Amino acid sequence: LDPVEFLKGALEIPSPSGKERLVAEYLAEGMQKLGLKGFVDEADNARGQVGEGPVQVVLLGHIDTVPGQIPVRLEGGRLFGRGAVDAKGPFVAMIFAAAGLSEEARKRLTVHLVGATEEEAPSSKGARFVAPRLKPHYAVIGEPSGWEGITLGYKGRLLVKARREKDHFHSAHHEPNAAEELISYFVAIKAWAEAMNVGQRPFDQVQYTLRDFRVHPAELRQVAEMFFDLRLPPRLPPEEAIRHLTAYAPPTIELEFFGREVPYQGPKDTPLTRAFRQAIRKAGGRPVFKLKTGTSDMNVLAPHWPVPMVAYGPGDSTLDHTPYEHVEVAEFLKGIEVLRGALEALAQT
């Protein structure tokens, strides 16, 4: 069973959020064959396990991707595919790493593998299913950090739907219509963020994105709806961010919040962090700590698992969600090498 050919076959199985079963089965097979006792759980996660040691470590990735396949090709040193980077590659690298684990290490560690479902959706159903069922001492989240990167944190998230409906009236009267009231709210949110962001590094900025806007063709009534989202710095968790957005909203506007995720930023010096620092050096690289603008199951899991936790994976995260998503094979391989080393170093304490 070869790392890159196993990944390729993973990439070839489409797995938009909610439709992960086929790939879970595949990942579970490969894990069965590698001695990781693979299976597919009640949430359709790809599950595995190796080792019998008392130190519980969870290697948790996600096996869903954003919708829309890209044809898979190995060409040059680059493997192309939806999920190459985000994040079938990272999770497959977890699988092979765990598969090549020392007897010494299978003595100190019990390593649980979770290919989580619906990480790309608001639910994170998969990570949430597993949260009350595992009690790790350490957790590694499979998201692309680059093979030399150790990511220490990810921003939180808030999804907002805003709505205005009112009686229709002539477009020449000075009173704003429903769409305009929504725009004006959004503009107020921009102003709020600009003030909130003064002097702040990107990890500490409130960021917003207008995702959708719809206006009903008006007849008796005007209806407009707006979907936006925020990426949340540590200083502004979701419940605080809701109080702010609510205070900036006039009473004419209906708000619905969802996809609440808390930010997470872990300390620079833990057993886990040293373990990866050492493994990247062994593998011949220069480790760099990273903080990421995105949101991951690290945010989802932090409230449940009060333990040292980082995110690691080969590949370049700026290829998330693009039509030419790919990883360098040599990077993917260094990725496996780093995961194994990190586990071994963990076991050597």
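Numbers for residues come from their place in the sequence shown, where the first is 1.
Comparing 298 to 306 with 278 to 286, the stretch with the higher mean C-alpha B-factor in the PDB entry is 278 to 286. If you average the C-alpha B-factors over 318 to 326 and over 61 to 69, the higher value belongs to 318 to 326.
Between the residues 124, 209, 102, 177, the entry's highest C-alpha temperature factor is the one at 102. The entry lists C-alpha B-factors for 205, 117, 246, 171, and the highest of these is at 171.
In the PDB entry, residue 76 places in the highest third of its chain by CA B-factor. Residue 91: CA B factor lies in the lowest third for its chain, per the PDB record. When all modelled residues of the chain are sorted by CA temperature factor, residue 41 is found within the middle third. Sort the chain's modelled residues by C-alpha temperature factor and residue 270 lands in the highest third, per the entry.
Looking at the C-alpha B-factors along this chain, the one for residue 228 belongs to the lowest third.
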